[PDB]
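Below you'll find only one chain, the form deposited in one PDB entry, shown as structure tokens.
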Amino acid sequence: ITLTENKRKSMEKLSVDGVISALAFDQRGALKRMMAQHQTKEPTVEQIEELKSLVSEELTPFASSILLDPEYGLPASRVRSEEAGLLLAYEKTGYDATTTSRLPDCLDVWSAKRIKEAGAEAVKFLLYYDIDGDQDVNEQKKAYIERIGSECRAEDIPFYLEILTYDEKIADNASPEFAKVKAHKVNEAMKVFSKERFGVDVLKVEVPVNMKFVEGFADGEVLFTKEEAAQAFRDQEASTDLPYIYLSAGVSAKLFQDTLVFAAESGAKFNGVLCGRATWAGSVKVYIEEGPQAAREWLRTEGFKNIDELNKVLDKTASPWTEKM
């Protein structure tokens, strides 16, 4: 539903047996903030590019594909395992914090055609979306996604749409107040962007619940029973017929793995993950303070353990996207 020959071939290069076990490292401003916590000077371009190349070289042998940004990640893309596919990010990093609109914007000197010419098997785009937000803002966001979806249809390259939800009136998405509305924000946004007019091939989405407030997982206030959390996962599955994959949102590797198990037990038929920080977060401190060689040894030990255990979990929880397309 309903891949062209070329789009199918690219999807196969990004997955194994219909499951996407992709490594995500297109973070730019978020990576800079992480490195800023560990050194005096400002993170330089050589540091950004080198660290991306280390993660790509050491960990892509254990992923079906890697997501990188064209601004700092092109060197890293050339050192990935020959068995791993490539996704390239298309959006500018971050958003304007002085306003609530968080309007999307493509990299200035890039296009879907140039992403394909750079060797990518997919275009990835991040959209911030408040389903309950200003209707004129959301009309502009939907028109923008339509353009990108049309680009990808013309270039015949899969369109991976990442949706991060928020509320114009809630400052912290980690708060209990946002947790109470998160399922609504996520599942209704997925329903909108599963419409044919947007040309999405795979949705990259948050889990529809903040697991730190679910019974059995919560260390403090409990907002949801397990059955209530399970129902949010079943609503998410009932919100789209497209393939969708989960992002880690920077939670610990263990919590993300436990969440995937819970998702599968609840009835969610997710088709993999695009997991970033939960895998390689710890390499940042080591690289900045210890250097590149020490970072390699971290990736070969702690990094491998994160992605290896994730792969074991994906093997028993994820469903193949070939059942949907």
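Each residue number is its position in the shown sequence, starting from 1. Rigid core: the largest C-alpha set superposing within 1.5 Å between the two forms.
Keep in mind the form deposited in another entry is missing from the figure; the text below concerns it.
Once both forms are overlaid on the rigid core, the distance between the two CA positions of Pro61 between the shown form and the other one is under 2 angstroms. Once you line up the core between the shown form and the other one, the Cα of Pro43 ends up 2 Å or more from where it was. After superposition on the rigid core, the Cα atom of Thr259 is displaced by less than 2 Å between the shown form and the other one.
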